Amino acid sequence: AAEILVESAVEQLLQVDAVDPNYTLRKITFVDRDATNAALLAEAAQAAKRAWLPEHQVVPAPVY
Amino acid sequence: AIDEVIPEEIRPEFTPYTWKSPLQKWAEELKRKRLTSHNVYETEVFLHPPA
Amino acid sequence: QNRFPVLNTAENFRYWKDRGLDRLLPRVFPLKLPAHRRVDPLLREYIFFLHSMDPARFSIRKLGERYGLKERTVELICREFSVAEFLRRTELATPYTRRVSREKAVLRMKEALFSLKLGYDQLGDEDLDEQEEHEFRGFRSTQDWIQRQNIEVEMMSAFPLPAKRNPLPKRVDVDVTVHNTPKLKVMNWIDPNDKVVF
Amino acid sequence: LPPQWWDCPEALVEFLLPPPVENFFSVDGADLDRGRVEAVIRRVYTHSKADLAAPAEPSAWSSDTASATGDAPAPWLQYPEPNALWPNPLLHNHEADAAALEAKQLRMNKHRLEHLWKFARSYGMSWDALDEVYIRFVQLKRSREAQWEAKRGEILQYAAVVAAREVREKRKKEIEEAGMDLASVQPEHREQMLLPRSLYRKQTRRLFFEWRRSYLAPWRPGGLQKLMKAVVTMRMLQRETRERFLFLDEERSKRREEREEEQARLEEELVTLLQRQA
Amino acid sequence: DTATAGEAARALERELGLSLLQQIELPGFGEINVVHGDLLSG
Amino acid sequence: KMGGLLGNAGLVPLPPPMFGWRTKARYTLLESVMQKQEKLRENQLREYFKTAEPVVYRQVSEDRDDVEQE
Amino acid sequence: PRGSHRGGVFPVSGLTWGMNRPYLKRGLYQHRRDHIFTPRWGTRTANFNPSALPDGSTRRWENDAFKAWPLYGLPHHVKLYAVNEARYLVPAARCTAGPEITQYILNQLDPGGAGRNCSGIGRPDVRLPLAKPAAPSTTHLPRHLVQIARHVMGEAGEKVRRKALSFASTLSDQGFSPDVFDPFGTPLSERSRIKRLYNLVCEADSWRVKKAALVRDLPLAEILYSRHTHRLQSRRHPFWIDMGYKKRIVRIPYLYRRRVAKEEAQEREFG
RNA sequence: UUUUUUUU
RNA sequence: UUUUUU
RNA sequence: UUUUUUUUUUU
């Protein structure tokens, strides 16, 4: 469930699925009371950042 | 919350919804029509062409 | 003698099994086939295209959720599709004349025969994630390898009985990579049994 | 029709002559001209007016990042058009606030445009829109299959006489070159020698399949990707244009109904333009 | 004695830095994406 | 020899090579030439992707010549 | 090294020697697959096509092919599954106990909780085919939100929307509560299929069947015929194995012609 | 539908 | 060199 | 018995 949410947030910001871009929403935050859950959520964030931003694109050494 | 259960035939698999993707709706429609056939589906044919 | 209407009892275990003189009776069984081959070839092209187009928007996990495909199964579709197309565009060799072991040749015949009788599957039918269920998977499933016992014996009493001794994890050696270079590959040997970390 | 197949009935015309596949147009450079490509880009840029513009980023200019340069040879960005769109100058919309606001908007839009392609690379059709076309593509092709099956007997019977005119003529030359004469041969064996049961059955099977192989669109070796490549790309050009002129070409004088139909008919023009053989 | 780690492992983590969570920032599209976890109606 | 291998792993300081470092004068210029050639080769392949052609003939005998990267 | 076998060299199929028997000479006969039970999920063609027009009219399906590629979509399984569903849920149907006892019974019959896909049988928000009409289970709904909502809803949704049929039946579920109900007309229809009982009926089609001694004998051959577990494994090199088949291509036909050559010639000169 | 069944 | 054949 | 991998319980 965690990965679904995180992955969804990014798309909204960029407005991929929109012929006519209408930038209105520019602030998305997540709040969790549970410490355990919070930690987990963080992990998801990391994965989201990968394969999206060119500055965090990993590549195996043998193929690099 | 349960009582005397009466046998009733249901088809949960073939249940259109407002969240299913367009491809899923199409795929389920053709599959459902094949099982409901009572002339071709419920028959055994030895040869491939209608000899 | 006893009441237990469930599907996980001793007699109900391994339902529809020959217990008696019927074991020697010949019986036909369905032929298994991988899921990545039963799907419509048409859809495979489509799936591959998406993957190769935008890996970010179309991730390995998100792409398989719409069509109902596992993370491992969807990976093979792109890999097997890629090689088939590479030999055609480059005018190297035809897929039919391609060299491959006999294990794959028989598999191809089953795939063609599967569709000729029933037909190709327009959408996969499998769960992305597993589920803890009572099933018979080999002879090593219904056995306890920790205590090495088949029959558990316990004292009958209403009062709280003392708990059993919990097992400990097995410590084994592993290897990791620290520095990788084209002309040299350095690795580190980890020893969990060492008290001093340093 | 070809002179060889001059005996074909009226009922068997559409089989050997597959129709031109509805609205299947391609965007690859293998079937495009200089004139066509220019026209399509022009038609898009004509929406607004401008005379003065500035250079673009995606053009050498001491390249240092692997973002604004040539992408890897993927099978989605090989067709010619966007190399002729990215390096295009930043056109204007047309003292004091009349100029300061116009410059500010353009400058601001420039930065966003640059990063448009940096993170994402697919901003065309939606998930459902992509699937929509797919459904229809299968449906249209399924019909052809059905037809063939029905007409199995007709097709096969027709091809029987086709092979007779070829096997008889081909076998006549072979015997003349190999043999000496057929005047002293028994009349009974004369017919069998010219039309043997081996070549007649083999040629008929090969010729029967000849008629087949229609609807070459869903071809494994790069036959499906062609439609997708030409479909998705349509939306990308429109989006690009809008990006350049977001809040500098319209004062929000239209509702959703007018905007929805504005981009409807637009596509029509483009399809006709590109899909033309004059 | 071979069940849990000794004091050496705990000390090393203090220096390595392993002992506001995440922020996804995109210049131009999205301001920030903070995943700070705390009470809402505190 | 042991010191050299350990130096690359970062366990110990990298020892100097044979004849020292100050004498390494011609190698510095030679290394730059090799690095420059690699960068120039990159520029060559850039144009290829725009008009990639699996099959390319030549004006000799219409011979087929396949192209593949690695 | 280990060369030739030192032992009985008994056959894989498990047959005896002697005259008027399949096997004549002592040997292993590893290549003989005819004696081994194998399925036939393919198709076989004819040796001659009388039809003038070349057409694939000689293709025929195999008896074992129908069961080799089944499909869990046939109509005559749902009817049987529905009947078994009622007989499987009888322990909780006639359990006139409290919620604690009923809940435990349903848990064993169908494992379902948090993070697991349950069939939804027995939950308050689910429609079931009860023998007689009964009111919904409105006991779990809050009392504070319903009371405050009954006034703002208005007469439209207080006596004609849900209350018009909330007391039409004499029977009820979890007692009676005329004060607490659901003013909104949300239909809690639809259900879910089970994963345990459904998988058993589907697999039932794979086990269906269509001076003499008093007690029938049990030849050894019978055991090894179907079962492949008790069969000795191969030991010969693959190369030799493959070469044996090639040898037989031209050898076998010669043996057939050699036998008929003597018989046919004898009758043409004496008979 | 590929010199497929088919075998130095 | 023949026969069969989505 | 893995095209672009030197990785892969390949089967």
# chains A, B, ... in the order shown; residues from 1 in each chain; ligands from 1
$ interface_residues --of "chain C" --to "chain F" --cutoff "9 Å" --atoms "only C-alpha atoms" --output "PyMOL selection string"
chain C and resi 89-92+178-179+186-187
$ write_last_selection --atoms "N, CA and C atoms" --output "PDB file, in the first residue's frame"
ATOM      1  N   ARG C  89      14.950  -7.637 -37.186  1.00  0.00           N
ATOM      2  CA  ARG C  89      15.338  -6.355 -37.636  1.00  0.00           C
ATOM      3  C   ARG C  89      16.716  -6.366 -38.244  1.00  0.00           C
ATOM      4  N   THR C  90      17.641  -7.033 -37.551  1.00  0.00           N
ATOM      5  CA  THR C  90      19.023  -7.118 -38.005  1.00  0.00           C
ATOM      6  C   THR C  90      19.214  -8.112 -39.143  1.00  0.00           C
ATOM      7  N   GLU C  91      18.184  -8.884 -39.492  1.00  0.00           N
ATOM      8  CA  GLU C  91      18.267  -9.859 -40.580  1.00  0.00           C
ATOM      9  C   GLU C  91      19.367 -10.885 -40.309  1.00  0.00           C
ATOM     10  N   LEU C  92      19.354 -11.442 -39.097  1.00  0.00           N
ATOM     11  CA  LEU C  92      20.338 -12.444 -38.703  1.00  0.00           C
ATOM     12  C   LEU C  92      19.826 -13.860 -38.965  1.00  0.00           C
ATOM     13  N   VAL C 178      32.951  -3.958  -2.045  1.00  0.00           N
ATOM     14  CA  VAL C 178      33.306  -2.615  -1.590  1.00  0.00           C
ATOM     15  C   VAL C 178      33.793  -1.755  -2.752  1.00  0.00           C
ATOM     16  N   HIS C 179      34.831  -2.204  -3.453  1.00  0.00           N
ATOM     17  CA  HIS C 179      35.389  -1.490  -4.593  1.00  0.00           C
ATOM     18  C   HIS C 179      35.368  -2.390  -5.820  1.00  0.00           C
ATOM     19  N   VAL C 186      37.531  -5.988  -5.722  1.00  0.00           N
ATOM     20  CA  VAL C 186      37.841  -6.174  -4.310  1.00  0.00           C
ATOM     21  C   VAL C 186      36.568  -6.553  -3.568  1.00  0.00           C
ATOM     22  N   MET C 187      36.694  -7.483  -2.624  1.00  0.00           N
ATOM     23  CA  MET C 187      35.564  -7.957  -1.838  1.00  0.00           C
ATOM     24  C   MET C 187      35.983  -8.072  -0.380  1.00  0.00           C
TER      25      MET C 187
END
$ residues_around --residues "residue C:63" --least-positions-apart "5" --cutoff "10 Å" --atoms "only C-alpha atoms (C1' of nucleotides)" --output "short mmCIF file (atom, residue, chain, number, x, y, z; two decimals) with C-alpha atoms, in the first residue's frame"
data_model
loop_
_atom_site.label_atom_id
_atom_site.label_comp_id
_atom_site.auth_asym_id
_atom_site.auth_seq_id
_atom_site.Cartn_x
_atom_site.Cartn_y
_atom_site.Cartn_z
CA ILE C 47 3.60 -4.70 -22.65
CA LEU C 50 5.52 0.42 -22.55
CA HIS C 51 8.44 -0.84 -20.54
CA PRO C 55 10.35 2.85 -17.25
CA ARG C 57 5.85 5.96 -15.29
CA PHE C 58 5.50 2.29 -16.30
CA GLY C 68 -2.68 -9.15 -13.44
CA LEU C 69 0.91 -10.37 -13.78
CA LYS C 70 3.55 -11.16 -11.18
CA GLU C 71 6.74 -9.15 -10.83
CA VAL C 74 6.49 -9.75 -16.37
#
$ interface_residues --of "chain J" --to "chain C" --cutoff "8 Å" --atoms "only C-alpha atoms (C1' of nucleotides)" --output "ChimeraX atom specification"
/J:1,3,11
$ select_by_dssp --residues "stretch 17-215 of chain G" --states "alpha helix (DSSP H)" --output "PDB file with N, CA, C and O atoms, in the first residue's frame"
ATOM      1  N   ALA G  65      -6.511 -35.987 -25.000  1.00  0.00           N
ATOM      2  CA  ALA G  65      -6.311 -34.560 -25.215  1.00  0.00           C
ATOM      3  C   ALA G  65      -7.392 -33.721 -24.548  1.00  0.00           C
ATOM      4  O   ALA G  65      -7.111 -32.606 -24.093  1.00  0.00           O
ATOM      5  N   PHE G  66      -8.623 -34.231 -24.479  1.00  0.00           N
ATOM      6  CA  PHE G  66      -9.708 -33.457 -23.884  1.00  0.00           C
ATOM      7  C   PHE G  66      -9.436 -33.160 -22.415  1.00  0.00           C
ATOM      8  O   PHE G  66      -9.652 -32.034 -21.953  1.00  0.00           O
ATOM      9  N   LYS G  67      -8.961 -34.154 -21.665  1.00  0.00           N
ATOM     10  CA  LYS G  67      -8.661 -33.978 -20.251  1.00  0.00           C
ATOM     11  C   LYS G  67      -7.287 -33.372 -20.004  1.00  0.00           C
ATOM     12  O   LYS G  67      -7.007 -32.951 -18.876  1.00  0.00           O
ATOM     13  N   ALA G  68      -6.424 -33.318 -21.021  1.00  0.00           N
ATOM     14  CA  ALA G  68      -5.094 -32.750 -20.853  1.00  0.00           C
ATOM     15  C   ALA G  68      -5.108 -31.230 -20.775  1.00  0.00           C
ATOM     16  O   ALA G  68      -4.209 -30.648 -20.157  1.00  0.00           O
ATOM     17  N   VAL G  78     -20.851 -24.850 -11.097  1.00  0.00           N
ATOM     18  CA  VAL G  78     -21.412 -23.816 -10.231  1.00  0.00           C
ATOM     19  C   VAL G  78     -22.610 -24.358  -9.466  1.00  0.00           C
ATOM     20  O   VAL G  78     -22.781 -24.082  -8.272  1.00  0.00           O
ATOM     21  N   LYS G  79     -23.463 -25.133 -10.138  1.00  0.00           N
ATOM     22  CA  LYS G  79     -24.640 -25.687  -9.475  1.00  0.00           C
ATOM     23  C   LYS G  79     -24.237 -26.580  -8.308  1.00  0.00           C
ATOM     24  O   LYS G  79     -24.792 -26.472  -7.208  1.00  0.00           O
ATOM     25  N   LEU G  80     -23.266 -27.469  -8.528  1.00  0.00           N
ATOM     26  CA  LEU G  80     -22.795 -28.328  -7.447  1.00  0.00           C
ATOM     27  C   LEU G  80     -22.122 -27.520  -6.345  1.00  0.00           C
ATOM     28  O   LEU G  80     -22.300 -27.824  -5.159  1.00  0.00           O
ATOM     29  N   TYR G  81     -21.350 -26.495  -6.711  1.00  0.00           N
ATOM     30  CA  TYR G  81     -20.679 -25.677  -5.708  1.00  0.00           C
ATOM     31  C   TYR G  81     -21.677 -24.956  -4.811  1.00  0.00           C
ATOM     32  O   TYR G  81     -21.454 -24.850  -3.599  1.00  0.00           O
ATOM     33  N   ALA G  82     -22.775 -24.456  -5.381  1.00  0.00           N
ATOM     34  CA  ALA G  82     -23.768 -23.750  -4.577  1.00  0.00           C
ATOM     35  C   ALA G  82     -24.383 -24.668  -3.527  1.00  0.00           C
ATOM     36  O   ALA G  82     -24.577 -24.261  -2.376  1.00  0.00           O
ATOM     37  N   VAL G  83     -24.699 -25.908  -3.905  1.00  0.00           N
ATOM     38  CA  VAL G  83     -25.295 -26.840  -2.952  1.00  0.00           C
ATOM     39  C   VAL G  83     -24.327 -27.129  -1.812  1.00  0.00           C
ATOM     40  O   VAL G  83     -24.718 -27.151  -0.639  1.00  0.00           O
ATOM     41  N   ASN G  84     -23.051 -27.355  -2.134  1.00  0.00           N
ATOM     42  CA  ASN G  84     -22.071 -27.648  -1.094  1.00  0.00           C
ATOM     43  C   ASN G  84     -21.848 -26.454  -0.176  1.00  0.00           C
ATOM     44  O   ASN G  84     -21.486 -26.633   0.992  1.00  0.00           O
ATOM     45  N   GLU G  85     -22.057 -25.234  -0.679  1.00  0.00           N
ATOM     46  CA  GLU G  85     -21.866 -24.053   0.157  1.00  0.00           C
ATOM     47  C   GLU G  85     -22.831 -24.052   1.336  1.00  0.00           C
ATOM     48  O   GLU G  85     -22.439 -23.748   2.468  1.00  0.00           O
ATOM     49  N   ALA G  86     -24.099 -24.390   1.090  1.00  0.00           N
ATOM     50  CA  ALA G  86     -25.074 -24.431   2.174  1.00  0.00           C
ATOM     51  C   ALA G  86     -24.723 -25.510   3.190  1.00  0.00           C
ATOM     52  O   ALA G  86     -24.835 -25.291   4.402  1.00  0.00           O
ATOM     53  N   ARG G  87     -24.297 -26.684   2.716  1.00  0.00           N
ATOM     54  CA  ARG G  87     -23.951 -27.773   3.621  1.00  0.00           C
ATOM     55  C   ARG G  87     -22.659 -27.506   4.382  1.00  0.00           C
ATOM     56  O   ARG G  87     -22.444 -28.104   5.441  1.00  0.00           O
ATOM     57  N   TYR G  88     -21.796 -26.629   3.868  1.00  0.00           N
ATOM     58  CA  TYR G  88     -20.535 -26.323   4.531  1.00  0.00           C
ATOM     59  C   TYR G  88     -20.679 -25.260   5.612  1.00  0.00           C
ATOM     60  O   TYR G  88     -19.865 -25.221   6.542  1.00  0.00           O
ATOM     61  N   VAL G  90     -23.395 -24.909   7.575  1.00  0.00           N
ATOM     62  CA  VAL G  90     -24.454 -25.325   8.492  1.00  0.00           C
ATOM     63  C   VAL G  90     -24.011 -25.202   9.949  1.00  0.00           C
ATOM     64  O   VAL G  90     -24.858 -24.918  10.809  1.00  0.00           O
ATOM     65  N   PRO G  91     -22.731 -25.404  10.297  1.00  0.00           N
ATOM     66  CA  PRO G  91     -22.370 -25.307  11.725  1.00  0.00           C
ATOM     67  C   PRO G  91     -22.714 -23.961  12.339  1.00  0.00           C
ATOM     68  O   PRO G  91     -23.137 -23.900  13.501  1.00  0.00           O
ATOM     69  N   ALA G  92     -22.544 -22.872  11.586  1.00  0.00           N
ATOM     70  CA  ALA G  92     -22.861 -21.545  12.099  1.00  0.00           C
ATOM     71  C   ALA G  92     -24.308 -21.145  11.840  1.00  0.00           C
ATOM     72  O   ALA G  92     -24.825 -20.263  12.534  1.00  0.00           O
ATOM     73  N   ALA G  93     -24.968 -21.767  10.861  1.00  0.00           N
ATOM     74  CA  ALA G  93     -26.355 -21.422  10.569  1.00  0.00           C
ATOM     75  C   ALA G  93     -27.270 -21.791  11.731  1.00  0.00           C
ATOM     76  O   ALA G  93     -28.164 -21.020  12.100  1.00  0.00           O
ATOM     77  N   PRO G  99     -22.418 -13.811  19.888  1.00  0.00           N
ATOM     78  CA  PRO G  99     -21.479 -13.422  18.822  1.00  0.00           C
ATOM     79  C   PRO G  99     -20.103 -14.042  18.973  1.00  0.00           C
ATOM     80  O   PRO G  99     -19.465 -14.366  17.963  1.00  0.00           O
ATOM     81  N   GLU G 100     -19.621 -14.217  20.205  1.00  0.00           N
ATOM     82  CA  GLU G 100     -18.288 -14.777  20.405  1.00  0.00           C
ATOM     83  C   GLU G 100     -18.195 -16.196  19.860  1.00  0.00           C
ATOM     84  O   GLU G 100     -17.217 -16.548  19.189  1.00  0.00           O
ATOM     85  N   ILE G 101     -19.200 -17.028  20.137  1.00  0.00           N
ATOM     86  CA  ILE G 101     -19.165 -18.407  19.663  1.00  0.00           C
ATOM     87  C   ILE G 101     -19.342 -18.471  18.150  1.00  0.00           C
ATOM     88  O   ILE G 101     -18.647 -19.237  17.473  1.00  0.00           O
ATOM     89  N   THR G 102     -20.264 -17.681  17.594  1.00  0.00           N
ATOM     90  CA  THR G 102     -20.480 -17.700  16.151  1.00  0.00           C
ATOM     91  C   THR G 102     -19.254 -17.214  15.391  1.00  0.00           C
ATOM     92  O   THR G 102     -18.913 -17.777  14.344  1.00  0.00           O
ATOM     93  N   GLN G 103     -18.580 -16.178  15.895  1.00  0.00           N
ATOM     94  CA  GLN G 103     -17.413 -15.647  15.198  1.00  0.00           C
ATOM     95  C   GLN G 103     -16.305 -16.688  15.095  1.00  0.00           C
ATOM     96  O   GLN G 103     -15.675 -16.828  14.039  1.00  0.00           O
ATOM     97  N   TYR G 104     -16.052 -17.426  16.177  1.00  0.00           N
ATOM     98  CA  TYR G 104     -14.988 -18.425  16.153  1.00  0.00           C
ATOM     99  C   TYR G 104     -15.279 -19.521  15.134  1.00  0.00           C
ATOM    100  O   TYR G 104     -14.374 -19.967  14.420  1.00  0.00           O
ATOM    101  N   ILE G 105     -16.534 -19.966  15.054  1.00  0.00           N
ATOM    102  CA  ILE G 105     -16.884 -21.027  14.114  1.00  0.00           C
ATOM    103  C   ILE G 105     -16.606 -20.584  12.683  1.00  0.00           C
ATOM    104  O   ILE G 105     -16.045 -21.340  11.881  1.00  0.00           O
ATOM    105  N   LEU G 106     -16.993 -19.354  12.337  1.00  0.00           N
ATOM    106  CA  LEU G 106     -16.752 -18.849  10.991  1.00  0.00           C
ATOM    107  C   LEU G 106     -15.268 -18.687  10.691  1.00  0.00           C
ATOM    108  O   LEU G 106     -14.857 -18.879   9.542  1.00  0.00           O
ATOM    109  N   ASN G 107     -14.457 -18.339  11.693  1.00  0.00           N
ATOM    110  CA  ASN G 107     -13.029 -18.154  11.457  1.00  0.00           C
ATOM    111  C   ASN G 107     -12.375 -19.446  10.981  1.00  0.00           C
ATOM    112  O   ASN G 107     -11.586 -19.435  10.029  1.00  0.00           O
ATOM    113  N   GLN G 108     -12.687 -20.569  11.632  1.00  0.00           N
ATOM    114  CA  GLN G 108     -12.101 -21.843  11.225  1.00  0.00           C
ATOM    115  C   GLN G 108     -12.580 -22.252   9.838  1.00  0.00           C
ATOM    116  O   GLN G 108     -11.791 -22.743   9.022  1.00  0.00           O
ATOM    117  N   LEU G 109     -13.870 -22.057   9.550  1.00  0.00           N
ATOM    118  CA  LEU G 109     -14.406 -22.426   8.246  1.00  0.00           C
ATOM    119  C   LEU G 109     -13.795 -21.605   7.118  1.00  0.00           C
ATOM    120  O   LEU G 109     -13.685 -22.106   5.993  1.00  0.00           O
ATOM    121  N   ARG G 143     -24.843   5.079  17.720  1.00  0.00           N
ATOM    122  CA  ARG G 143     -26.127   5.637  18.124  1.00  0.00           C
ATOM    123  C   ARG G 143     -26.141   7.159  18.124  1.00  0.00           C
ATOM    124  O   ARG G 143     -27.207   7.753  17.925  1.00  0.00           O
ATOM    125  N   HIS G 144     -24.993   7.801  18.342  1.00  0.00           N
ATOM    126  CA  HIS G 144     -24.950   9.258  18.377  1.00  0.00           C
ATOM    127  C   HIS G 144     -25.111   9.858  16.985  1.00  0.00           C
ATOM    128  O   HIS G 144     -25.835  10.846  16.813  1.00  0.00           O
ATOM    129  N   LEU G 145     -24.449   9.278  15.981  1.00  0.00           N
ATOM    130  CA  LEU G 145     -24.524   9.818  14.629  1.00  0.00           C
ATOM    131  C   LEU G 145     -25.874   9.548  13.977  1.00  0.00           C
ATOM    132  O   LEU G 145     -26.351  10.372  13.189  1.00  0.00           O
ATOM    133  N   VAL G 146     -26.499   8.411  14.281  1.00  0.00           N
ATOM    134  CA  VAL G 146     -27.797   8.103  13.690  1.00  0.00           C
ATOM    135  C   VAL G 146     -28.878   9.015  14.255  1.00  0.00           C
ATOM    136  O   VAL G 146     -29.725   9.526  13.513  1.00  0.00           O
ATOM    137  N   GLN G 147     -28.872   9.235  15.572  1.00  0.00           N
ATOM    138  CA  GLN G 147     -29.905  10.064  16.185  1.00  0.00           C
ATOM    139  C   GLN G 147     -29.848  11.496  15.667  1.00  0.00           C
ATOM    140  O   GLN G 147     -30.887  12.090  15.356  1.00  0.00           O
ATOM    141  N   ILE G 148     -28.646  12.068  15.566  1.00  0.00           N
ATOM    142  CA  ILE G 148     -28.515  13.432  15.071  1.00  0.00           C
ATOM    143  C   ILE G 148     -28.841  13.520  13.586  1.00  0.00           C
ATOM    144  O   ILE G 148     -29.315  14.562  13.120  1.00  0.00           O
ATOM    145  N   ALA G 149     -28.601  12.449  12.829  1.00  0.00           N
ATOM    146  CA  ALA G 149     -28.864  12.448  11.396  1.00  0.00           C
ATOM    147  C   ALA G 149     -30.329  12.221  11.053  1.00  0.00           C
ATOM    148  O   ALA G 149     -30.755  12.583   9.950  1.00  0.00           O
ATOM    149  N   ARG G 150     -31.110  11.636  11.964  1.00  0.00           N
ATOM    150  CA  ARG G 150     -32.507  11.347  11.657  1.00  0.00           C
ATOM    151  C   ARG G 150     -33.320  12.622  11.475  1.00  0.00           C
ATOM    152  O   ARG G 150     -34.266  12.643  10.679  1.00  0.00           O
ATOM    153  N   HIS G 151     -32.972  13.689  12.196  1.00  0.00           N
ATOM    154  CA  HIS G 151     -33.733  14.930  12.099  1.00  0.00           C
ATOM    155  C   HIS G 151     -33.358  15.726  10.854  1.00  0.00           C
ATOM    156  O   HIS G 151     -34.239  16.256  10.167  1.00  0.00           O
ATOM    157  N   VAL G 152     -32.063  15.823  10.549  1.00  0.00           N
ATOM    158  CA  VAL G 152     -31.628  16.602   9.395  1.00  0.00           C
ATOM    159  C   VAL G 152     -31.965  15.907   8.084  1.00  0.00           C
ATOM    160  O   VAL G 152     -32.082  16.573   7.048  1.00  0.00           O
ATOM    161  N   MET G 153     -32.123  14.582   8.094  1.00  0.00           N
ATOM    162  CA  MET G 153     -32.436  13.867   6.862  1.00  0.00           C
ATOM    163  C   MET G 153     -33.783  14.293   6.293  1.00  0.00           C
ATOM    164  O   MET G 153     -33.928  14.411   5.071  1.00  0.00           O
ATOM    165  N   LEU G 197     -13.228 -24.368  -0.913  1.00  0.00           N
ATOM    166  CA  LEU G 197     -14.219 -25.284  -1.466  1.00  0.00           C
ATOM    167  C   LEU G 197     -14.290 -25.188  -2.985  1.00  0.00           C
ATOM    168  O   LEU G 197     -14.541 -26.194  -3.658  1.00  0.00           O
ATOM    169  N   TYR G 198     -14.071 -23.994  -3.540  1.00  0.00           N
ATOM    170  CA  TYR G 198     -14.141 -23.828  -4.988  1.00  0.00           C
ATOM    171  C   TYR G 198     -13.042 -24.608  -5.698  1.00  0.00           C
ATOM    172  O   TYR G 198     -13.268 -25.141  -6.790  1.00  0.00           O
ATOM    173  N   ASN G 199     -11.851 -24.684  -5.103  1.00  0.00           N
ATOM    174  CA  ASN G 199     -10.737 -25.383  -5.732  1.00  0.00           C
ATOM    175  C   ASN G 199     -10.882 -26.899  -5.677  1.00  0.00           C
ATOM    176  O   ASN G 199     -10.209 -27.597  -6.444  1.00  0.00           O
ATOM    177  N   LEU G 200     -11.737 -27.423  -4.798  1.00  0.00           N
ATOM    178  CA  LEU G 200     -11.899 -28.868  -4.693  1.00  0.00           C
ATOM    179  C   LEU G 200     -12.846 -29.400  -5.763  1.00  0.00           C
ATOM    180  O   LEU G 200     -12.563 -30.418  -6.403  1.00  0.00           O
ATOM    181  N   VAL G 201     -13.978 -28.722  -5.969  1.00  0.00           N
ATOM    182  CA  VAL G 201     -14.934 -29.169  -6.979  1.00  0.00           C
ATOM    183  C   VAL G 201     -14.337 -29.056  -8.375  1.00  0.00           C
ATOM    184  O   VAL G 201     -14.617 -29.887  -9.249  1.00  0.00           O
ATOM    185  N   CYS G 202     -13.511 -28.034  -8.614  1.00  0.00           N
ATOM    186  CA  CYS G 202     -12.930 -27.845  -9.939  1.00  0.00           C
ATOM    187  C   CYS G 202     -12.035 -29.016 -10.324  1.00  0.00           C
ATOM    188  O   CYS G 202     -12.004 -29.424 -11.491  1.00  0.00           O
TER     189      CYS G 202
END
$ residues_around --residues "residue A:37" --least-positions-apart "5" --cutoff "9 Å" --atoms "only C-alpha atoms (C1' of nucleotides)" --output "ChimeraX atom specification"
/A:32,42 /E:37
$ atom_distance --atom1 "atom CA of residue B:15" --atom2 "atom CA of residue G:203"
24.2 Å
$ residues_around --residues "residue F:16" --least-positions-apart "5" --cutoff "12 Å" --atoms "only C-alpha atoms (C1' of nucleotides)" --output "short mmCIF file (atom, residue, chain, number, x, y, z; two decimals) with N, CA, C and O atoms, in the first residue's frame"
data_model
loop_
_atom_site.label_atom_id
_atom_site.label_comp_id
_atom_site.auth_asym_id
_atom_site.auth_seq_id
_atom_site.Cartn_x
_atom_site.Cartn_y
_atom_site.Cartn_z
N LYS F 1 55.08 -6.28 -3.65
CA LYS F 1 53.86 -6.59 -4.39
C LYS F 1 52.63 -6.56 -3.50
O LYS F 1 51.56 -6.12 -3.92
N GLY F 3 52.03 -4.67 -0.91
CA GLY F 3 51.62 -3.31 -0.65
C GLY F 3 50.78 -2.71 -1.76
O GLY F 3 49.82 -1.98 -1.50
N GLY F 4 51.13 -3.00 -3.01
CA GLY F 4 50.38 -2.44 -4.13
C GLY F 4 48.93 -2.89 -4.14
O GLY F 4 48.03 -2.08 -4.34
N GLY F 7 47.02 -1.26 -1.35
CA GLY F 7 46.83 0.16 -1.56
C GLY F 7 45.56 0.47 -2.33
O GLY F 7 44.84 1.42 -2.00
N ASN F 8 45.26 -0.32 -3.36
CA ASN F 8 44.05 -0.09 -4.14
C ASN F 8 42.79 -0.30 -3.30
O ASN F 8 41.79 0.40 -3.50
N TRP F 21 57.51 8.69 -9.05
CA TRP F 21 56.47 9.48 -9.69
C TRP F 21 57.01 10.65 -10.50
O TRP F 21 56.46 10.97 -11.55
N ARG F 22 58.08 11.29 -10.02
CA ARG F 22 58.60 12.47 -10.71
C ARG F 22 59.06 12.13 -12.12
O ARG F 22 58.94 12.96 -13.03
N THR F 23 59.59 10.92 -12.33
CA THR F 23 60.06 10.53 -13.65
C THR F 23 58.91 10.31 -14.63
O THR F 23 59.15 10.28 -15.84
N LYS F 24 57.68 10.15 -14.14
CA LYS F 24 56.53 9.88 -15.00
C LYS F 24 56.14 11.18 -15.71
O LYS F 24 55.19 11.88 -15.33
#
$ residues_around --residues "residue B:45" --least-positions-apart "3" --cutoff "12 Å" --atoms "only C-alpha atoms (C1' of nucleotides)" --output "list in words"
residues 39, 40, 41, 42, 48, 49, 50 and 51 of chain B; 117 of chain C; 59, 60, 61, 62, 63, 65 and 66 of chain G
